[PDB]
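Here is the structure we will look at, set down as structure tokens.
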Amino acid sequence: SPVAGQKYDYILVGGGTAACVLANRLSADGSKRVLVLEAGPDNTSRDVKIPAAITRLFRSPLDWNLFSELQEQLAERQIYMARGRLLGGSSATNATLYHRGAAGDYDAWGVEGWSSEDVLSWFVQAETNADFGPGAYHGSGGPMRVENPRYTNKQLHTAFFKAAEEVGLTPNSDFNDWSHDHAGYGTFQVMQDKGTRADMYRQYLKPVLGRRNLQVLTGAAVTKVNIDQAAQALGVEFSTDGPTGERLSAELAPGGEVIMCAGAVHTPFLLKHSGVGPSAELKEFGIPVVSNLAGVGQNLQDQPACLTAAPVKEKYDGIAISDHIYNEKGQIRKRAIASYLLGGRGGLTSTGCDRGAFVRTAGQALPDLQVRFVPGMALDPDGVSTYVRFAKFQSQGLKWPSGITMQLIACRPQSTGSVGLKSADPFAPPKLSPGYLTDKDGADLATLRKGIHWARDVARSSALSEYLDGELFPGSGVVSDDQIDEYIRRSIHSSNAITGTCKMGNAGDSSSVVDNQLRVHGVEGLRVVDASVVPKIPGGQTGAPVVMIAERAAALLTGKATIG
Ligand SMILES: Cc1cc2nc3c(=O)[nH]c(=O)nc-3n(C[C@H](O)[C@H](O)[C@H](O)COP(=O)(O)OP(=O)(O)OC[C@H]3O[C@@H](n4cnc5c(N)ncnc54)[C@H](O)[C@@H]3O)c2cc1C
Ligand SMILES: CCCCCCCCCCCCCCCCCC(=O)O
Ligand SMILES: CCCCCCCCCCCCCCCCCC(=O)O
């Protein structure tokens, strides 16, 4: 009805990170008619704009509120897996850390035309950096805004750095400079613009919404891609009125393409609902098989986390980031609001987890462990739960105790999971299994166990033991290797990556879902341009790599670049 009597050159399923980039580049010359379908609303919330309000976005209406299947290897728990639901997608709800990983991550993909030397200029072309000028590893002029964080905790950030040096880590002055090793300690840059969230809606989509050839629908939930076999994508079915709503169809112009941009959870889900998937699974829900692809929904990679936390001594009460945001009765400090509005500075600019380190726990080629230091104390062993608790704590009249947290992440994990269907209803949540700690060697568990040892060694250093008064998590009860393993099974949570569910592959790779041109095997006019295509997860947060893929895909589709 908003699409009745319209042919589109491109239909984007999802209005998230990759989609905002494609919408901008594909609508640019004005010849092409581009439709964007997003299930969630427009990007207008103040909780999106203020980085510290990430605490409020978890388990909110701007999240999909996805829970995994019971994981029997994780003390029979469901895992919450946060995902953004609005224009800008997970770029709008994320912790804003800017990581490319290492050159070696892209070389390890082994896909023709996607080596480190192929992808570097696409990272650089996207970037404007406030704190690095142009050079081999940094661009000036791209739409992304990257900066050094505008909040520093003078005592605790300094102390973490001195402690890391005491246990023998070297400083890394730029985690995105591929001329030096990934390992070491320092400051993560953030996708922020003077302390405001610089998401891909703000940077890519919002500036070009005036365009006549670009149509964006919100509250538009795609139910399947329409594919005919007389196999050719025709367009897309969606509802604007939830599950009971009338199914509408958006149709392609001749030579038009459907681009899947629904992310590493919802893209394989929708492909299965469209008959692109393993025949065994599709037959169980009476879905006609159009392209029998074993790899759709397999190879799910996510970077699991656990943490330590420790209170500061009574004489250091009031020095934590929790003290910079909340007063002793849980009111937001006037000083914090004033610094944010006057100069884009202070605690409201922080997502908390923007200092840390990459570490090799056992002489691996690339670091297996990421550390995120937070100058505030977790009150739950589940860091995402604690961020929720921090949002709900406002105006409750209590004091959040001053301390620190170290989050340990298996950043190059060996375990893989899957996403499938639990029902034939396209409005049902996916069957989601993260598969943490299932790798056959127990490498991921070993990484997190050694991470806890490492965090305890850092907290025992001169530089930090000056501040600290004991340990809250994992605590006195958790000392032996077997006690640590049990704590990890019970507390493990997502560091919120999720890639690889529609893996890109070389010719002859029967486990691949898309080729090196991002075309789905056995369907004409169907591409995937989102986190699902990443073959092997890079070390670090996965937002910047998604934008790099979307930039290169835009260049390919508009004839400006080739791959191979
Ligand atoms: C809490 C959190 C913290 C993170 N922290 C960081 C970080 O610090 N730094 C970093 O670089 N990365 C981080 N990430 C990861 C990064 O945000 C993602 O990897 C990246 O944004 C994914 O981009 P995408 O385009 O693949 O998907 P998304 O940005 O998730 O976009 C997918 C879109 O499809 C929409 N959609 C789904 N189903 C349908 C349907 N049926 N119809 C229509 N639309 C639909 C969704 O609502 C969504 O908007 C974080 C992620 C989360 C959730
Ligand atoms: C616990 C999490 C903190 C949440 C922060 C709430 C901030 C309330 C302060 C009053 C609103 C700030 C002014 C509105 C700024 C809108 C954002 C912007 O335009 O950059
Ligand atoms: C701006 C937020 C300040 C919050 C202070 C809360 C106290 C510290 C708890 C730290 C928990 C570990 C970090 C969890 C990171 C969650 C975000 C993410 O994964 O993207």
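Chain labels A, B, ... are given in the sequence in which chains occur in the structure tokens; within each chain residues are numbered consecutively from 1, and ligands are likewise numbered from 1 in the order shown.
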
Show me, as a Markdown table, the residues of chain A having an atom within 6 Å of ligand 3, each with the closest atom pair and its distance in Å, using only C-alpha atoms and all ligand atoms.
```
| residue | atom | partner | partner_atom_place_in_ligand_line | distance |
| --- | --- | --- | --- | --- |
| A:52 | CA | ligand 3 | 1 (C) | 3.9 |
| A:94 | CA | ligand 3 | 20 (O) | 5.6 |
| A:95 | CA | ligand 3 | 20 (O) | 4.5 |
| A:322 | CA | ligand 3 | 5 (C) | 5.4 |
| A:350 | CA | ligand 3 | 1 (C) | 5.0 |
| A:351 | CA | ligand 3 | 1 (C) | 4.1 |
| A:352 | CA | ligand 3 | 1 (C) | 4.5 |
| A:353 | CA | ligand 3 | 13 (C) | 5.8 |
| A:374 | CA | ligand 3 | 10 (C) | 5.7 |
| A:376 | CA | ligand 3 | 8 (C) | 4.4 |
| A:377 | CA | ligand 3 | 8 (C) | 4.6 |
| A:378 | CA | ligand 3 | 9 (C) | 3.9 |
| A:383 | CA | ligand 3 | 11 (C) | 3.8 |
| A:384 | CA | ligand 3 | 16 (C) | 4.9 |
| A:386 | CA | ligand 3 | 9 (C) | 5.8 |
| A:387 | CA | ligand 3 | 6 (C) | 5.6 |
| A:390 | CA | ligand 3 | 6 (C) | 5.9 |
| A:405 | CA | ligand 3 | 10 (C) | 5.5 |
| A:407 | CA | ligand 3 | 12 (C) | 5.4 |
| A:495 | CA | ligand 3 | 19 (O) | 4.1 |
| A:496 | CA | ligand 3 | 19 (O) | 5.5 |
```

Residues near residue 475 (chain A), cut-off 10 Å, only C-alpha atoms, skip fewer than 4 positions along chain, as a compact mmCIF listing (two decimals) with C-alpha atoms, in the first residue's frame:
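As written to disk, around12.txt reads:
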```txt
# COMPACT_ATOMS: atom_id res chain seq x y z
CA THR A 308 36.26 -10.12 37.96
CA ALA A 309 35.24 -7.19 40.23
CA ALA A 310 36.86 -5.69 43.37
CA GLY A 470 39.60 -7.58 48.44
CA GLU A 471 37.59 -9.16 45.61
CA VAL A 479 40.24 -20.69 43.45
CA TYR A 487 31.99 -19.96 37.83
```

Find the residues of chain A that sit at most 10 Å from ligand 2; for each, write down the nearest two atoms and how far apart they are in Å, to one decimal. Count only C-alpha atoms and all ligand atoms. Sort by chain, then by number going up, and give it as a tab-separated table.
```
residue	atom	partner	partner_atom_place_in_ligand_line	distance
A:44	CA	ligand 2	17 (C)	9.8
A:45	CA	ligand 2	16 (C)	8.6
A:46	CA	ligand 2	16 (C)	5.2
A:47	CA	ligand 2	4 (C)	6.8
A:48	CA	ligand 2	17 (C)	8.3
A:49	CA	ligand 2	17 (C)	5.2
A:50	CA	ligand 2	17 (C)	5.8
A:51	CA	ligand 2	5 (C)	8.2
A:52	CA	ligand 2	2 (C)	5.1
A:53	CA	ligand 2	2 (C)	4.3
A:54	CA	ligand 2	2 (C)	7.3
A:55	CA	ligand 2	2 (C)	5.9
A:56	CA	ligand 2	2 (C)	6.6
A:57	CA	ligand 2	2 (C)	9.7
A:193	CA	ligand 2	20 (O)	9.5
A:194	CA	ligand 2	20 (O)	9.3
A:195	CA	ligand 2	20 (O)	8.0
A:196	CA	ligand 2	20 (O)	5.5
A:197	CA	ligand 2	20 (O)	8.1
A:322	CA	ligand 2	1 (C)	8.7
A:325	CA	ligand 2	1 (C)	6.9
A:326	CA	ligand 2	1 (C)	7.5
A:330	CA	ligand 2	1 (C)	9.0
A:331	CA	ligand 2	1 (C)	9.0
A:332	CA	ligand 2	3 (C)	6.9
A:333	CA	ligand 2	9 (C)	9.0
A:334	CA	ligand 2	9 (C)	8.5
A:336	CA	ligand 2	9 (C)	8.4
A:337	CA	ligand 2	9 (C)	5.5
A:338	CA	ligand 2	12 (C)	8.7
A:340	CA	ligand 2	12 (C)	7.7
A:341	CA	ligand 2	13 (C)	6.6
A:344	CA	ligand 2	20 (O)	8.2
A:347	CA	ligand 2	3 (C)	8.8
A:348	CA	ligand 2	3 (C)	6.3
A:349	CA	ligand 2	5 (C)	9.5
A:350	CA	ligand 2	3 (C)	9.8
A:351	CA	ligand 2	2 (C)	9.5
A:387	CA	ligand 2	1 (C)	8.8
A:388	CA	ligand 2	1 (C)	9.3
A:389	CA	ligand 2	1 (C)	9.6
A:390	CA	ligand 2	1 (C)	6.2
A:391	CA	ligand 2	1 (C)	4.8
A:392	CA	ligand 2	1 (C)	8.1
A:393	CA	ligand 2	1 (C)	7.9
A:394	CA	ligand 2	1 (C)	6.6
```

Determine, counting only C-alpha atoms, which protein, DNA and RNA residues have an atom within 12 Å of an atom of region 237-253 of chain A; residues of the same chain fewer than 4 positions away are not included. Present the result as a PDB file with C-alpha atoms, in the first residue's frame.
```pdb
ATOM      1  CA  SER A   1       0.000   0.000   0.000  1.00  0.00           C
ATOM      2  CA  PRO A   2       2.934   2.434   0.702  1.00  0.00           C
ATOM      3  CA  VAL A   3       4.643   0.355  -2.100  1.00  0.00           C
ATOM      4  CA  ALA A   4       1.538  -0.330  -4.339  1.00  0.00           C
ATOM      5  CA  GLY A   5       2.464   0.367  -8.038  1.00  0.00           C
ATOM      6  CA  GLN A   6       6.259   0.678  -7.355  1.00  0.00           C
ATOM      7  CA  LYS A   7       9.232  -1.230  -8.834  1.00  0.00           C
ATOM      8  CA  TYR A   8      12.526  -1.039  -6.861  1.00  0.00           C
ATOM      9  CA  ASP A   9      16.092  -1.428  -8.194  1.00  0.00           C
ATOM     10  CA  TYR A  10      17.161  -2.489  -4.607  1.00  0.00           C
ATOM     11  CA  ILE A  11      15.150  -3.741  -1.610  1.00  0.00           C
ATOM     12  CA  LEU A  12      17.165  -3.740   1.699  1.00  0.00           C
ATOM     13  CA  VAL A  13      15.761  -6.197   4.266  1.00  0.00           C
ATOM     14  CA  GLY A  14      16.664  -4.495   7.594  1.00  0.00           C
ATOM     15  CA  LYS A  32      18.177   3.854  -8.673  1.00  0.00           C
ATOM     16  CA  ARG A  33      15.009   3.425  -6.586  1.00  0.00           C
ATOM     17  CA  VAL A  34      15.930   1.982  -3.119  1.00  0.00           C
ATOM     18  CA  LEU A  35      13.515   0.659  -0.481  1.00  0.00           C
ATOM     19  CA  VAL A  36      14.608   0.061   3.153  1.00  0.00           C
ATOM     20  CA  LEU A  37      12.371  -2.103   5.381  1.00  0.00           C
ATOM     21  CA  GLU A  38      13.067  -1.892   9.192  1.00  0.00           C
ATOM     22  CA  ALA A  39      10.917  -3.762  11.754  1.00  0.00           C
ATOM     23  CA  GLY A  40      11.762  -1.292  14.562  1.00  0.00           C
ATOM     24  CA  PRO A  41      11.053   2.452  14.774  1.00  0.00           C
ATOM     25  CA  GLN A 215      12.028   5.231   0.592  1.00  0.00           C
ATOM     26  CA  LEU A 217       9.689   2.196   6.063  1.00  0.00           C
ATOM     27  CA  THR A 218       9.777   1.596   9.846  1.00  0.00           C
ATOM     28  CA  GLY A 219       7.402  -0.812  11.631  1.00  0.00           C
ATOM     29  CA  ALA A 220       7.849  -2.926   8.450  1.00  0.00           C
ATOM     30  CA  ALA A 221       8.559  -6.586   9.448  1.00  0.00           C
ATOM     31  CA  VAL A 222       9.748  -8.721   6.461  1.00  0.00           C
ATOM     32  CA  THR A 223       8.263 -12.268   6.545  1.00  0.00           C
ATOM     33  CA  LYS A 224      10.077 -13.740   3.481  1.00  0.00           C
ATOM     34  CA  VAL A 225      11.834 -12.960   0.184  1.00  0.00           C
ATOM     35  CA  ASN A 226       9.542 -13.926  -2.760  1.00  0.00           C
ATOM     36  CA  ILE A 227      11.505 -16.361  -4.976  1.00  0.00           C
ATOM     37  CA  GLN A 232      15.010 -15.659  -9.083  1.00  0.00           C
ATOM     38  CA  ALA A 233      14.207 -13.169  -6.265  1.00  0.00           C
ATOM     39  CA  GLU A 257      18.185  -7.207  -6.294  1.00  0.00           C
ATOM     40  CA  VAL A 258      17.015  -8.018  -2.730  1.00  0.00           C
ATOM     41  CA  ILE A 259      19.941  -7.335  -0.299  1.00  0.00           C
ATOM     42  CA  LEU A 270      14.513 -15.083   6.919  1.00  0.00           C
ATOM     43  CA  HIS A 273      11.518 -18.874   5.877  1.00  0.00           C
ATOM     44  CA  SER A 274      12.170 -18.156   2.101  1.00  0.00           C
ATOM     45  CA  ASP A 425       5.516 -18.507  12.094  1.00  0.00           C
ATOM     46  CA  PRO A 426       7.932 -15.804  10.784  1.00  0.00           C
ATOM     47  CA  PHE A 427       7.028 -13.643  13.883  1.00  0.00           C
ATOM     48  CA  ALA A 428       8.220 -16.375  16.296  1.00  0.00           C
ATOM     49  CA  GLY A 525      19.065 -11.183  -7.550  1.00  0.00           C
ATOM     50  CA  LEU A 526      19.741 -12.086  -3.854  1.00  0.00           C
TER      51      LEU A 526
END
```

Seminar exercise, completed: One residue among A:201, A:161, A:67, A:137 is nearest to ligand 1 when using only C-alpha atoms and all ligand atoms, and that residue is A:201

Within 7 Å of ligand 1: each chain A residue with its shortest pair, only C-alpha atoms and all ligand atoms, as a tab-separated table:
```
residue	atom	partner	partner_atom_place_in_ligand_line	distance
A:13	CA	ligand 1	43 (C)	5.5
A:14	CA	ligand 1	34 (O)	3.5
A:15	CA	ligand 1	49 (O)	4.9
A:16	CA	ligand 1	31 (O)	3.3
A:17	CA	ligand 1	25 (O)	3.7
A:18	CA	ligand 1	25 (O)	3.9
A:19	CA	ligand 1	25 (O)	6.1
A:37	CA	ligand 1	43 (C)	5.3
A:38	CA	ligand 1	44 (N)	3.9
A:39	CA	ligand 1	43 (C)	4.1
A:40	CA	ligand 1	47 (O)	5.4
A:58	CA	ligand 1	1 (C)	6.9
A:82	CA	ligand 1	53 (C)	4.7
A:83	CA	ligand 1	53 (C)	4.1
A:84	CA	ligand 1	30 (O)	5.5
A:85	CA	ligand 1	47 (O)	3.6
A:86	CA	ligand 1	49 (O)	4.9
A:87	CA	ligand 1	49 (O)	5.6
A:88	CA	ligand 1	49 (O)	5.8
A:89	CA	ligand 1	49 (O)	3.2
A:90	CA	ligand 1	29 (O)	3.8
A:91	CA	ligand 1	21 (O)	4.3
A:93	CA	ligand 1	1 (C)	5.7
A:94	CA	ligand 1	3 (C)	3.4
A:95	CA	ligand 1	8 (O)	3.5
A:96	CA	ligand 1	8 (O)	4.0
A:97	CA	ligand 1	8 (O)	3.7
A:98	CA	ligand 1	11 (O)	5.2
A:99	CA	ligand 1	11 (O)	6.1
A:220	CA	ligand 1	43 (C)	5.9
A:221	CA	ligand 1	42 (N)	3.7
A:222	CA	ligand 1	42 (N)	3.8
A:223	CA	ligand 1	41 (N)	5.7
A:261	CA	ligand 1	25 (O)	5.6
A:262	CA	ligand 1	34 (O)	3.3
A:263	CA	ligand 1	26 (O)	3.7
A:264	CA	ligand 1	26 (O)	5.8
A:266	CA	ligand 1	38 (N)	4.9
A:270	CA	ligand 1	41 (N)	6.8
A:495	CA	ligand 1	3 (C)	6.8
A:496	CA	ligand 1	51 (C)	4.5
A:497	CA	ligand 1	15 (C)	4.6
A:498	CA	ligand 1	19 (O)	6.3
A:530	CA	ligand 1	26 (O)	3.9
A:531	CA	ligand 1	26 (O)	4.0
A:532	CA	ligand 1	26 (O)	6.5
A:541	CA	ligand 1	10 (C)	4.2
A:542	CA	ligand 1	19 (O)	4.4
A:543	CA	ligand 1	11 (O)	3.1
A:544	CA	ligand 1	11 (O)	5.2
A:546	CA	ligand 1	23 (O)	5.7
```

For this session: Take CA of residue 203 (chain A) and CA of residue 131 (chain A) and report the distance between them in Å, one decimal.
Result: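 Interatomic distance here is 18.1 Å.
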
For this session: Would you please give, as a ChimeraX atom specification, all residues of region 187-317 of chain A that DSSP assigns to helix (DSSP H, G or I) based on the backbone?
Result: /A:200-208,242-244,263-273,279-284,314-316

Go ahead and write the selection's residues with C-alpha atoms as a CSV table (one decimal), in the first residue's frame.
```
chain,number,residue,atom,x,y,z
A,200,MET,CA,25.3,4.5,11.1
A,201,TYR,CA,21.8,6.1,11.0
A,202,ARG,CA,23.3,9.5,12.1
A,203,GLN,CA,26.4,9.2,9.9
A,204,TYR,CA,25.0,7.5,6.7
A,205,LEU,CA,21.2,7.5,6.5
A,206,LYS,CA,19.9,10.7,8.2
A,207,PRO,CA,21.9,13.1,5.9
A,208,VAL,CA,20.3,11.6,2.7
A,242,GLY,CA,2.5,-7.1,13.3
A,243,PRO,CA,1.5,-10.8,13.1
A,244,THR,CA,-2.3,-10.2,12.3
A,263,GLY,CA,22.1,-9.3,10.6
A,264,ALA,CA,23.7,-12.5,11.6
A,265,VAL,CA,20.6,-13.6,13.7
A,266,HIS,CA,17.6,-12.6,11.4
A,267,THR,CA,19.2,-12.9,7.9
A,268,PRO,CA,19.6,-16.7,8.1
A,269,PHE,CA,16.2,-16.9,9.8
A,270,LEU,CA,14.5,-15.1,6.9
A,271,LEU,CA,16.5,-17.1,4.3
A,272,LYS,CA,15.1,-20.3,5.9
A,273,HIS,CA,11.5,-18.9,5.9
A,279,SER,CA,16.2,-29.2,3.2
A,280,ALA,CA,15.9,-31.4,6.5
A,281,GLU,CA,15.0,-28.3,8.6
A,282,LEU,CA,12.8,-26.6,6.0
A,283,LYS,CA,10.8,-29.9,5.4
A,284,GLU,CA,10.0,-30.1,9.2
A,314,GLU,CA,37.1,3.2,52.0
A,315,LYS,CA,39.6,6.1,51.5
A,316,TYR,CA,39.0,5.8,47.7
```

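Between CA of residue 180 (chain A) and CA of residue 505 (chain A) lies a distance of 28.4 Å.
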
Seminar exercise, completed: From the list A:494, A:558, A:483, A:370, the nearest residue to residue 188 (chain A) using only C-alpha atoms is A:370

Problem set entry | Atom pair CA of residue 319 (chain A) / CA of residue 172 (chain A): separation (Å) |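 According to the coordinates, CA of residue 319 (chain A) and CA of residue 172 (chain A) are separated by 25.9 Å.
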
Exercise. As an NGL selection string, which residues of region 148-211 of chain A does DSSP assign to strand (DSSP E)?
Worked result: :A and (184-187 or 192-193 or 196-197)

Write the residues of the preceding selection, restricted to C-alpha atoms, as an mmCIF file, in the first residue's frame.
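Output (result28.cif):
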```
data_model
loop_
_atom_site.group_PDB
_atom_site.id
_atom_site.type_symbol
_atom_site.label_atom_id
_atom_site.label_comp_id
_atom_site.auth_asym_id
_atom_site.auth_seq_id
_atom_site.Cartn_x
_atom_site.Cartn_y
_atom_site.Cartn_z
ATOM 1 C CA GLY A 184 49.197 -4.907 24.488
ATOM 2 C CA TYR A 185 47.316 -2.399 26.670
ATOM 3 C CA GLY A 186 45.777 1.003 25.952
ATOM 4 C CA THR A 187 42.690 3.029 25.035
ATOM 5 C CA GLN A 192 31.309 9.019 18.810
ATOM 6 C CA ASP A 193 31.243 12.664 17.659
ATOM 7 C CA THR A 196 27.486 11.792 21.076
ATOM 8 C CA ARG A 197 26.823 8.327 19.596
#
```
